[PDB]
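Undergrad: One structure coming up, written as structure tokens, with questions to follow.
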Amino acid sequence: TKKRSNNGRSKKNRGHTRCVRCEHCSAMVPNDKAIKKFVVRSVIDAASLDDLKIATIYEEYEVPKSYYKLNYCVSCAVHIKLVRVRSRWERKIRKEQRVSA
Amino acid sequence: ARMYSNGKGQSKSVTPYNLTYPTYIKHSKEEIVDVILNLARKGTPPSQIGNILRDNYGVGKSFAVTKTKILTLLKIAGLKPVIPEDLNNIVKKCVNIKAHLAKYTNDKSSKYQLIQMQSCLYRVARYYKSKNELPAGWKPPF
Amino acid sequence: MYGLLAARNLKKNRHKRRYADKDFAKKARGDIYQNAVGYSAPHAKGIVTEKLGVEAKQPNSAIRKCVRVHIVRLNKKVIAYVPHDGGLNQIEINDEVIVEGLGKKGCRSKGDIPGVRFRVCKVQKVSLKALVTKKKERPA
Amino acid sequence: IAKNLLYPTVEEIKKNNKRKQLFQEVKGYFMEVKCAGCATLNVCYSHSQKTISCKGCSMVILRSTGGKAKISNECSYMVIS
Amino acid sequence: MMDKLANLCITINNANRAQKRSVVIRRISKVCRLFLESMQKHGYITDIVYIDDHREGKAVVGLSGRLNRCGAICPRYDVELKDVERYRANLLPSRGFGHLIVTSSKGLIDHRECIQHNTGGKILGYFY
RNA sequence: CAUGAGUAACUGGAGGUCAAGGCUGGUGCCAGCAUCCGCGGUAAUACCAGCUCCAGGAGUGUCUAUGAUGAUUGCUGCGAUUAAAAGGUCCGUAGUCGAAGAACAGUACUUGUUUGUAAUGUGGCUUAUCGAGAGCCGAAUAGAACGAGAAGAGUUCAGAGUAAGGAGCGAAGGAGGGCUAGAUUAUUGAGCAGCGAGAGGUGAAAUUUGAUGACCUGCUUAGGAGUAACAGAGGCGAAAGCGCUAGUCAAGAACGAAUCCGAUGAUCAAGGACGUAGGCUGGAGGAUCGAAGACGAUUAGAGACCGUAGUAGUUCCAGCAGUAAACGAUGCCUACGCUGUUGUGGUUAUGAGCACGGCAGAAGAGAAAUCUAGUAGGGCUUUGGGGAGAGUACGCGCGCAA
RNA sequence: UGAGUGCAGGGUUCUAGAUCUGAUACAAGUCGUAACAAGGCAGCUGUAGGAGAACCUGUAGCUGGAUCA
Ligand SMILES: [Zn+2]
Ligand SMILES: [Zn+2]
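Chains as they are written, first to last, in PDB author numbering: chain SAA, 2 to 102; chain SN0, 2 to 143; chain SX0, 1 to 140; chain SBB, 2 to 82; chain SW0, 1 to 128.
Okay, here's the thing in structure tokens:
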């Protein structure tokens, strides 16, 4: 029986879409189906900022950040616990997740 | 719906309820009739005659003054073309597509458009060669 | 096909549909005259050539008593079942027996006997029911 | 019958599409435009498919667009039909 | 294009189910007029106005509380006077009430008038 | 009419369907019974018998064809989202189906009168003791002759111009298509320079490569693919499919509006054109990835999964081929239909509309799950009829083969 | 006008045949364990190689998936 109204993907009014590759296992997954995750990570760890304050030559310094978008296939997303199995009424709830660091 | 594609557009223009006589205008009957026959001899299609009469001379639908239709007036004056103007515009588009494909042979989309266009020609031809408006052995310019 | 002047189209279509029915198909396109008892005849005469036994299908546990018959009208050899309690004892090799159908729509196996399609009715011109129950005797 | 169904209010008329009514409505009309300066009058159609220039002075009086045409900044008009 | 007599029937059947009292019907022919005029004679509909719009035509009608259902038959079968009672028993709910309408050389008539005038015709539609 | 007298029932059943016994004795998965479901392994209301009951009765059981059962052949009257079942997409002939207004004609259509039926059958009455039986009466099918009526169907017309179609005009929008000329990085390969011991790969390791200087960091170059992030329940295309920037060449969709022609139209056997990927025939080329083949590990064994390496292919031009879970598993035109919200492109009395969408309820519907599935004798094509064998055999048509 | 009968062929229906190759039933024999749980490498459709055997591997697709995010 049909488990989801949208077939588990975001394609509508189209024939075909570009593929992308999974970060964890390099499998091909369609772009409109892949699980997506955003990361904004400081170059320097929080446990070093108190040393940075005496190491730097400049009057003040702003740490550089690094930015990423990651893609996962279903198997990897479930195994890494980005997503979890949910009850028949919970399946319908849609909410934006946090940006990781 | 549309004949060669999946279209369902609805853009048309409303025909009036009654037609009267355009008393606001600034020419006589005989002047309007002269304007038409001049534009005809210069070689304009009858749909363009209609556009000019509305736009420049200020007459809607070009019949309220004349009690006669544009193509019938051209037959009374003897200015009738050799081929009906619709069938004529279909042969032109075919020629254009064949002239493109002659130099850009690789275009599968243009090939597709040609076979649609060609079908429409013969469907129109069979109408006119039943109403005796074309000779029975007429064939396309190709 | 539902138009007022559509009768010809409708007739030809509906005729072609009927071949999907197994019943109509067999009568039309199968070999309906291959059988000793069937479309051809209600009963068949034949001569006994061997005595035989067969296991019942699961979950039953029995040996069923059967006879090899040469059919006079076709020259095929067929298996038949012998119905009654001591019935096998009423038949000798080279006796003549008359044979009968099991009562299904096509020729099909009945109950727990695998692959046997007929049963014995009379031996040497007399009813097997009378022979077994000792109401009458062999012609001798 | 209902009055609402046989005789719609003028509010209802104005909200509907020009074809989807008890009687279909003409939207195009004719006007007399007068030129700034030379004060000559030209007959024009609303929704014009052609750009139009004033008699005599040759100022472009009316510009054709995808919908209702645009009268040049200084000019003025009256509906005639 | 849809059949005009079919369109008439679905338009009034749905509006009746939705408990509306009046409707506008958008494409009208000669037999559609005569059908509506029949329903008025037997008191199934109350008021009729016709709009002369120069684009086909349209009608505005008031429904009564007595109308349960109506329908057109397609195609329009030919019937002898011997045949009409067969169709009567197939279409109508009771022997006591309701109308089966037939076209004839004497206009539209009901299954009782067929006996009076001694004429078959072609089957058109029904209401009860 | 008159004499004797006192004779005269069987077939199939008794666990359920299905009317009528847990009765007594044998037998112990044996022997048998049972259309179907099922009984019997020592406590059998089902076998073999006794005894009582049941059903029909001068009759009752069995086998075999057929009609019904059966809306499981569907004109009346079934189905095709998931149970069996909508052709991968278009074009198109035969075929079936086709506006409003005003008029006209009678061959179908319906009906009158007259013909057209011995027996059988149908409605009756009369005589054999009764009842079939016999005898007499009346009306009748299809088919044909001559009249009548004109709603529907048909033919014509133009001081008529579809929320029917085609031609054309105006301003604009889009990863729709072909061609020409350019581009920022990245992955490999070579040259040269610096440095002097490990690099790679994994869950953990070994094959493997390095003092002929690896790895990493510079500068030079040579190629062949690709267009990250922006990027979405966004857009375009008949479907398959389409994502860097300029220039160029044809045609199409939608919108605005007093342009022109007038039935030109819907659906479609046969016939024709397109169709991801993998494959095949010839040419160009060859970075990355990698069927086959070869090793290293793991295991009872791995021929596999993992790692090292490696060929055909993967790219382009000219063609052949014709299949996909080619799926929203929902044919194409055309209707009638509740509300709220959010998009994309035009137009706007700024109130709204038109085309193409998404989402959330409701009411109905349905075996439910759910809703492209509500209402319905609108038109046309494809298609299913319990599992298997079988989408297989033989014949035929296409293809170089597959 | 022609019966009968020569000699070649065809069209139909049956039947023989060394040997090979399908299917079905095999109480329970031998070797593994491919599917159904994330079935121990998620499964399935097309196409192409390979292999005691279920099957395995490349390439494009689908969710009837283990994700309506
Ligand atoms: Zn992965
Ligand atoms: Zn001026």
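For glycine and all other residues, C-beta sits at the position ideal for the given N, C-alpha and C.
Near ligand 1, which residues have their beta-carbon closer than 7 angstroms to a heavy atom?
TA: Spelled out in chain order, the answer is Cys23 (chain SAA), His25 (chain SAA), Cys26 (chain SAA), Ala28 (chain SAA), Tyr73 (chain SAA), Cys74 (chain SAA), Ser76 (chain SAA) and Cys77 (chain SAA).
Undergrad: Determine the direct distance from the alpha carbon of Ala3 (chain SBB) to that of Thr73 (chain SN0), and round the result to whole angstroms.
TA: Rounded to the nearest angstrom, the two C-alpha atoms are 47 angstroms apart.
Undergrad: Which residues mark the beginning and the end of the alpha helix (DSSP H) in which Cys95 (chain SN0) is found?
TA: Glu86 to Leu102 is the span of the alpha helix (DSSP H), which, as asked, contains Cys95 (chain SN0).
Undergrad: Which residues of chain SBB have a Cβ atom closer than 8 angstroms to the Cβ of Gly62 (chain SW0), listed in chain order?
TA: What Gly62 (chain SW0) touches in chain SBB: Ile2.
Undergrad: Quick check: the stretch 43-59 of chain SW0 against the stretch 123-131 of chain SN0, are at least 3 beta-carbon pairs closer than 8 angstroms?
TA: No, the stretch 123-131 of chain SN0 is not in contact with the stretch 43-59 of chain SW0.
Undergrad: Using the beta-carbon count (16 or more within 10 Å), is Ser12 (chain SN0) buried or exposed?
TA: The residue is exposed, with fewer than 16 neighbouring Cβ atoms inside 10 Å.
Undergrad: Residues in its own chain within less than 7 angstroms of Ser64 (chain SW0) by CB, not counting five upstream and five downstream?
TA: Closer than 7 angstroms at Cβ, skipping near neighbours: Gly43, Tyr44, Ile45 and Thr46.
Undergrad: Return yes when at least one heavy atom of ligand 2 lies under 7 angstroms from the C-beta of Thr66 (chain SBB), else no.
TA: It does not: the Cβ of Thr66 (chain SBB) is nowhere closer than 7 angstroms to a heavy atom of ligand 2.
Undergrad: Tell me, please, whether the CB atom of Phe24 (chain SBB) is closer than 8 angstroms to any CB atom in chain SW0?
TA: Judged by the 8 angstroms Cβ criterion, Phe24 (chain SBB) is in contact with chain SW0.
Undergrad: Do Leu6 (chain SBB) and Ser22 (chain SW0) have their beta-carbon atoms positioned less than 8 angstroms apart in this structure?
TA: Against a cut-off of 8 angstroms, the Cβ pair of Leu6 (chain SBB) and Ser22 (chain SW0) comes out as a contact.
Undergrad: Of all Cβ atoms in chain SW0, is any one closer than 8 angstroms to the Cβ of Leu7 (chain SBB)?
TA: So, interface residue.
Undergrad: Leaving out five residues on either side along the sequence, give the residues of the same chain with a beta carbon under 7 angstroms from the beta carbon of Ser38 (chain SW0).
TA: Counting only Cβ-Cβ distances below 7 angstroms, and skipping sequence neighbours, we find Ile101 and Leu108.
Undergrad: I need the residues with a C-beta less than 6 angstroms from some heavy atom of ligand 2; please give them in chain order.
TA: Listed along the chain, these residues meet the criterion: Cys36 (chain SBB), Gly38 (chain SBB), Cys39 (chain SBB), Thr41 (chain SBB), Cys55 (chain SBB), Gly57 (chain SBB), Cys58 (chain SBB) and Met60 (chain SBB).
Undergrad: Is there contact here, the stretch 65-76 of chain SAA with the stretch 30-45 of chain SAA, by at least three beta-carbon pairs under 8 angstroms?
TA: Touching, yes, given that three or more Cβ pairs across the two stretches are closer than 8 angstroms.
Undergrad: Between the beta-carbon of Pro142 (chain SN0) and the beta-carbon of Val83 (chain SN0), is there less than 8 angstroms?
TA: No; because the gap between Cβ atoms is not below 8 angstroms, this pair is not in contact.
Undergrad: What does the Cβ neighbour count give for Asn35 (chain SX0), buried or exposed, with the cut at 16 atoms within 10 Å?
TA: So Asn35 (chain SX0) ends up on the buried side.
Undergrad: For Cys77 (chain SAA) and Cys26 (chain SAA), which I take to be in contact (beta-carbon distance under 8 angstroms), what is that distance rounded to the nearest angstrom?
TA: With a Cβ gap of about 6 angstroms, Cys77 (chain SAA) and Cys26 (chain SAA) count as contacting.
Undergrad: Where does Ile28 (chain SW0) sit, in a helix, a strand or coil, going by DSSP?
TA: DSSP places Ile28 (chain SW0) in coil when its eight states are reduced to three.
Undergrad: Under 8 angstroms between the Cβ atoms of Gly125 (chain SW0) and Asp83 (chain SW0)?
TA: Contact: no.
Undergrad: Determine the extent of the beta strand (DSSP E) in which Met79 (chain SBB) is found, giving its start and end residues.
TA: Element bounds for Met79 (chain SBB): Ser77 to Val80.
Undergrad: Determine the burial state of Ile81 (chain SAA): buried for a count of at least 16 other Cβ atoms within 10 Å of its Cβ, exposed for fewer.
TA: Flag for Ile81 (chain SAA) reads exposed.
Undergrad: Considering only residues of the same chain and omitting the five flanking positions on each side of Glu50 (chain SX0), which have a CB-CB separation below 7 angstroms?
TA: Only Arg68 meet the Cβ criterion.
Undergrad: What's the call for residue 1 (chain SN0), buried or exposed, on a 16-neighbour Cβ count within 10 Å?
TA: There is no way to answer for residue 1 (chain SN0), as the model of chain SN0 reaches only from 2 to 143.
Undergrad: By the 10 Å Cβ neighbour count, where 16 or more other Cβ atoms means buried, how is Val66 (chain SN0) classified, buried or exposed?
TA: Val66 (chain SN0) comes out buried.
Undergrad: Taking the alpha carbon of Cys107 (chain SX0) as the reference point, which residue from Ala80 (chain SX0), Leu131 (chain SX0), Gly86 (chain SX0) and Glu92 (chain SX0) has its own alpha carbon closest?
TA: Residue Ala80 (chain SX0) is the option with its Cα nearest to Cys107 (chain SX0).
Undergrad: Helix or strand or just coil, what does DSSP make of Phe24 (chain SX0)?
TA: In the structure shown, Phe24 (chain SX0) sits in a helix (DSSP, three-state: H, G or I).
Undergrad: Between the C-alpha atoms of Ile123 (chain SW0) and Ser49 (chain SBB), what's the straight-line distance to the nearest angstrom?
TA: So the two alpha carbons sit approximately 54 angstroms from each other.
Undergrad: Compare the Cα-Cα distances from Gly29 (chain SBB) to each of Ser54 (chain SBB), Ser47 (chain SBB), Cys76 (chain SBB) and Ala70 (chain SBB) and report the closest residue.
TA: Nearest of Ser54 (chain SBB), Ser47 (chain SBB), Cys76 (chain SBB) and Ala70 (chain SBB) to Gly29 (chain SBB), Cα basis: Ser47 (chain SBB).
Undergrad: Hey, would you say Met32 (chain SBB) sits closer than 8 angstroms to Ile62 (chain SBB), going by beta carbons?
TA: Not in contact: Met32 (chain SBB) and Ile62 (chain SBB) (Cβ atoms no closer than 8 angstroms).
Undergrad: Does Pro136 (chain SN0) pass the burial test, meaning 16 or more other C-beta atoms within 10 Å, or should it be called exposed?
TA: Per the 10 Å Cβ criterion, exposed.
Undergrad: Interface residues of chain SBB around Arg21 (chain SW0) at Cβ under 8 angstroms?
TA: Chain SBB residues near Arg21 (chain SW0): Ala3.
Undergrad: Taking 7 angstroms as the limit between beta carbons, can you name the residues of its chain near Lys12 (chain SAA), skipping five residues before and five after?
TA: Correct list, in chain order: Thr18 and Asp33.
Undergrad: Name the chain SX0 residues that come within less than 8 angstroms of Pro93 (chain SW0), Cβ to Cβ?
TA: Here the premise fails: no neighbours, minimum Cβ distance about 25 angstroms.
Undergrad: Enumerated in chain order, which unbroken segments of the beta strand (DSSP E) with a length of 3 residues or greater are wholly contained in the stretch 48-92 of chain SW0?
TA: If we require 3 residues or more, the beta strand (DSSP E) runs fully inside the stretch 48-92 of chain SW0 come out as 58-63 and 70-72.
Undergrad: From the beta carbon of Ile45 (chain SW0), is the nearest beta carbon of chain SBB less than 8 angstroms away?
TA: So no, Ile45 (chain SW0) is outside the interface.
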